[PDB]
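Numbering (PDB author numbering), first residue to last: 1001 to 1375. To start, the structure itself, in structure tokens.
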Amino acid sequence: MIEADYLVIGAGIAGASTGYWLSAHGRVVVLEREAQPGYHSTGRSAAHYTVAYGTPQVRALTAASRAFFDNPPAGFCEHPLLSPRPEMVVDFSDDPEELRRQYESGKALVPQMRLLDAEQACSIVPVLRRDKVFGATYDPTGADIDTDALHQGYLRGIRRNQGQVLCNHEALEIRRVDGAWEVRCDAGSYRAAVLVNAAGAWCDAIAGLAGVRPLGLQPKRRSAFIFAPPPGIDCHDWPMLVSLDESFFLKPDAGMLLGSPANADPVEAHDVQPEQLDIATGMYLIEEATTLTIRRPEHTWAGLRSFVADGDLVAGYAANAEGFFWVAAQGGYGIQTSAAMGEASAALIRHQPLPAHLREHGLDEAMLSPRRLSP
Ligand SMILES: Cc1cc2c(nc3c(=O)[nH]c(=O)nc-3n2C[C@H](O)[C@H](O)[C@H](O)COP(=O)(O)OP(=O)(O)OC[C@H]2O[C@@H](n3cnc4c(N)ncnc43)[C@H](O)[C@@H]2O)c(O)c1C
């Protein structure tokens, strides 16, 4: 039996970020089922940072995370965590009222947000079909996230604070014993006053092992693919491109193009694979909107974006389950919110007020709590 102050289940971006901030204050042990910590959703994202995306709570967590991403502590990483990647949201269906509403709502959080006419949008991504473009919003502050550097920065930070990150340690049994949580894996047993459930799409399965009422988390499949651009086209500086109704997105990635139908098909928690129909739909939508020809993609994959009913993230203690803390419902936003979520969850776990910079972004304990979910 190994004792810790905080026992975290899951070493994806959620468990890693929470563990990183916790590790300055006590012994953190993170238990990860897979042989590597980023095998599931944290290794499958589009790795983008967009403030004007998700619910108001999501947008506040994303905005509050920028300070850490742009100014991490010395030794956290060797190169910047963010690289510039503006986001351009294009109206392909002639809906100026919706385009206006998205512009006005986005500019309220991003003062530099711009409204583009169709000619400006086509100047920025010249493969757009001009006759299908009716305008666009443009966020000059968008960024791509170096998810490997960020994730490993969190994980290394735990280990440098005498914490442990244990892979090939699937939590198989969970029990409340003598005022602490005990977790049995095949390879060992672990004990801590606080159990941090950061198991991604599996968070409700973990609650199942513990006898704790679940949140109603719904994993949703999103597929993506990479394909070659035409040889005479330099797309490496293009913004992230999204349609106004999030029917698809397209962005440069490693000399290639990354496309997606931006789907959200409800599924059970599992090692999710792309569906041929997902890929064909993404290819059709991109070819409908642009002059690009997509041969069979060179690489396809899918990951899980997991939501509770209201679309907001969850960080708080369970009702009537002492020491059981949820870090869940990261949705499509777990990377870009990870710094605020990790710092906020660590404060809440320790029963401390949220730091001032987080409260200045409108964050509070109430908007993160799982107990807000009414059945
Ligand atoms: C699929 C997908 C997701 C995107 C995408 N885009 C973005 C994006 O642009 N920006 C962003 O912030 N998030 C984006 N997301 C979302 C981001 O991927 C998720 O929000 C984020 O990765 C969720 O992080 P979590 O830590 O909550 O989930 P993980 O699956 O990474 O980690 C959970 C861990 O728990 C572990 N676990 C489960 N059961 C366990 C057990 N019994 N014992 C031990 N470990 C367990 C799992 O093995 C796993 O490693 C995207 O284009 C796609 C296609």
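Every residue, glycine too, gets a C-beta built ideally from N, C-alpha and C.
Quick check: residue 1346 and residue 1018, are their CB atoms within less than 8 Å of each other?
Position 346 of the sequence shown holds residue 1346. Position 18 of the sequence shown holds residue 1018. Yes, the pair counts as a contact, with Cβ atoms nearer than the cut-off.
Mapping the DSSP letters down to three states, classify residue 1208 as helix, strand or coil.
Locating residue 1208 in the sequence shown gives position 208, counting from the first residue. Residue 1208: helix per DSSP, three-state reduction.
I need the DSSP call for residue 1074, collapsed to helix, strand or coil.
Within the sequence shown, residue 1074 is the residue found at index 74, counting from 1. In this structure, residue 1074 counts as coil in the three-state DSSP scheme.
Of the residues 1237, 1222, 1332 and 1325, which one's Cα is nearest the Cα of residue 1126?
Along the sequence shown, one-based indexing puts residue 1126 at 126. The residue with the shortest Cα to Cα distance from residue 1126 is 1237.
For residue 1149, the three-state DSSP class (helix, strand or coil)
Within the sequence shown, residue 1149 is the residue found at index 149, counting from 1. The answer is helix: DSSP assigns residue 1149 an H, G or I state.
Host alpha helix (DSSP H) of residue 1107 (start-end):
Along the sequence shown, read from residue 1 onward, the residue named residue 1107 stands at position 107. Where residue 1107 is concerned, the enclosing alpha helix (DSSP H) stretches over 1096-1109.
Strictly by DSSP, which residues pair up with residue 1271?
Sequence index remark: in the sequence shown, residue 1271 carries index 271 (1-based). In DSSP, residue 1271 forms no bridge with anything.
May I have the straight-line CA-CA distance separating residue 1364 from residue 1290, to the nearest angstrom?
Taking the sequence shown and counting its residues from 1, the one referred to as residue 1364 is at position 364. Taking the sequence shown and counting its residues from 1, the one referred to as residue 1290 is at position 290. Looking at the two C-alpha atoms, the distance is approximately 43 Å.
Sort 1264, 1269, 1257 and 1270 by Cα distance to residue 1277 and report the nearest one.
Sequence index remark: in the sequence shown, residue 1277 carries index 277 (1-based). With distances taken between Cα atoms, residue 1277 lies closest to 1264.
When you compare the segment 1348-1356 with the segment 1029-1041, are there three or more beta-carbon pairs, one atom per stretch, that lie closer than 8 Å?
With a cut-off of 8 Å, the segment 1029-1041 and the segment 1348-1356 do not count as touching, because too few Cβ pairs lie within range.
Proximity of residue 958 and residue 1144 at Cβ, strictly below 8 Å
One cannot answer for residue 958 here, as it falls past the ends of the chain, which runs 1001 to 1375.
Identify the continuous alpha helix (DSSP H) that holds residue 1119 and give its terminal residues.
By 1-based counting over the sequence shown, the position of residue 1119 is 119. Taken as a continuous stretch (DSSP letters only), the alpha helix (DSSP H) holding residue 1119 covers 1118-1124.
Considering only DSSP beta bridges, list what residue 1048 is partnered with.
Along the sequence shown, read from residue 1 onward, the residue named residue 1048 stands at position 48. Residue 1048 pairs with 1144.
For ligand 1, I want to know if residue 1219 counts as a neighbour, meaning its beta carbon is within less than 7 Å of at least one of the ligand's heavy atoms.
Position 219 of the sequence shown, counting from 1, holds the residue named residue 1219. Exclusion of residue 1219 from the 7 Å shell around ligand 1 follows from its C-beta lying no nearer than that to any non-hydrogen atom of the ligand.
In whole angstroms, what is the alpha-carbon distance linking residue 1372 and residue 1056?
Indexing the sequence shown from 1 puts residue 1372 at position 372. Indexing the sequence shown from 1 puts residue 1056 at position 56. Looking at the two C-alpha atoms, the distance is approximately 16 Å.
Residue range of the alpha helix (DSSP H) that includes residue 1278:
By 1-based counting over the sequence shown, the position of residue 1278 is 278. Boundaries of the alpha helix (DSSP H) harbouring residue 1278: 1276-1289, taken from the DSSP string.
So, with DSSP's three-state summary, where would you put residue 1325?
Taking the sequence shown and counting its residues from 1, one reaches residue 1325 at position 325. In the structure shown, residue 1325 falls within a strand segment according to DSSP collapsed to helix, strand and coil.
Reduced DSSP category for residue 1341 - H, G, I as helix; E, B as strand; rest coil:
Counting from 1 along the sequence shown, the entry for residue 1341 is found at position 341. Annotated three-state conformation of residue 1341 is helix, per DSSP.
Any non-hydrogen atom of ligand 1 within 7 Å of residue 1277 CB
Position 277 of the sequence shown, counting from 1, holds the residue named residue 1277. No, Cβ of residue 1277 sits at least 7 Å from all heavy atoms of ligand 1.
Can you give the Cα-Cα distance for residue 1123 and residue 1080, rounded to whole angstroms?
Here residue 1123 is taken as the residue at index 123 of the sequence shown, counted from 1. Here residue 1080 is taken as the residue at index 80 of the sequence shown, counted from 1. Looking at the two C-alpha atoms, the distance is approximately 29 Å.
Per-residue DSSP class, three states only, for residue 1202:
Translated into positions along the sequence shown, residue 1202 becomes position 202. In the structure shown, residue 1202 adopts helical secondary structure according to DSSP, grouped into three states.
Do the segment 1196-1213 and the segment 1313-1329 make contact, defined as three or more Cβ pairs closer than 8 Å?
Verdict: yes, contact present.
Using the C-alpha atoms, what's the distance from residue 1071 back to residue 1250?
Along the sequence shown, read from residue 1 onward, the residue named residue 1250 stands at position 250. Along the sequence shown, read from residue 1 onward, the residue named residue 1071 stands at position 71. Inter-residue distance for residue 1250 and residue 1071 is about 28 Å (C-alpha atoms, whole angstroms).
Cutoff 6 Å; reference residue 1130; Cβ partners in own chain excluding five residues on either side
For the purposes of this step, residue 1130 is taken as the residue at position 130 of the sequence shown. Once the five neighbours on either side are set aside, the close Cβ partners of residue 1130 are 1122.
Within 10 angstroms of its Cβ, does residue 968 collect 16 or more other Cβ (buried), or is it exposed?
Because residue 968 is not part of the residues shown, which for the chain are 1001 to 1375, the question remains open.
Member of 1209, 1087, 1157 and 1194 whose CA lies at the smallest distance from the CA of residue 1016:
To locate residue 1016, count along the sequence shown from 1; it is residue 16. The candidate whose alpha carbon is nearest that of residue 1016 is 1157.
Helix or strand or just coil, what does DSSP make of residue 1024?
As a working note, residue 1024 is residue 24 in the sequence shown. Note: residue 1024 maps to coil in three-state DSSP.
Can you list, in chain order, the residues of its chain whose CB lies under 7 Å from that of residue 1098, leaving out five sequence neighbours each side?
Here the question's residue 1098 lines up with position 98 in the sequence shown. If we look at residue 1098 and ignore the five residues flanking it on each side, its Cβ neighbours are 1244.
For a test of the three-state rule: what should DSSP assign to residue 1058, helix, strand or coil?
Within the sequence shown, the letter at position 58 stands for residue 1058. Helix at residue 1058.
Could you give the distance in angstroms between the alpha-carbon of residue 1088 and the alpha-carbon of residue 1254?
Stepping through the sequence shown from its first residue, residue 1088 is reached at position 88. Stepping through the sequence shown from its first residue, residue 1254 is reached at position 254. Their Cα atoms are separated by approximately 19 Å.
Report the three-state DSSP secondary structure of residue 1158 (helix, strand or coil).
Against the sequence shown, residue 1158 aligns to sequence position 158. Helix.
Under 8 Å between the Cβ atoms of residue 1195 and residue 1325?
One-based indexing of the sequence shown puts residue 1195 at position 195. One-based indexing of the sequence shown puts residue 1325 at position 325. Taking 8 Å as the Cβ cut-off, residue 1195 and residue 1325 qualify as a contacting pair.
Decide yes or no for the touch test of the segment 1293-1301 against the segment 1214-1230: beta carbon pairs closer than 8 Å, at least 3 of them.
Yes: at least three Cβ pairs fall under 8 Å.
Mark residue 1177 as exposed unless 16 or more other C-beta atoms lie within 10 angstroms of its C-beta, in which case mark it buried.
As a first step, residue 1177 must be located in the sequence shown, where it is residue number 177. Here residue 1177 is exposed: its Cβ has fewer than 16 other Cβ atoms, across all protein chains shown, within 10 Å.
Under 8 Å, do residue 1340 and residue 1065 count as touching if we go by C-beta distance?
If you number the sequence shown from 1, residue 1340 lands on position 340. If you number the sequence shown from 1, residue 1065 lands on position 65. Closer than 8 Å, so yes.
The beta strand (DSSP E) spanning residue 1299 covers which residue range?
One-based indexing of the sequence shown puts residue 1299 at position 299. DSSP places residue 1299 in the uninterrupted beta strand (DSSP E) bounded by 1299-1307.
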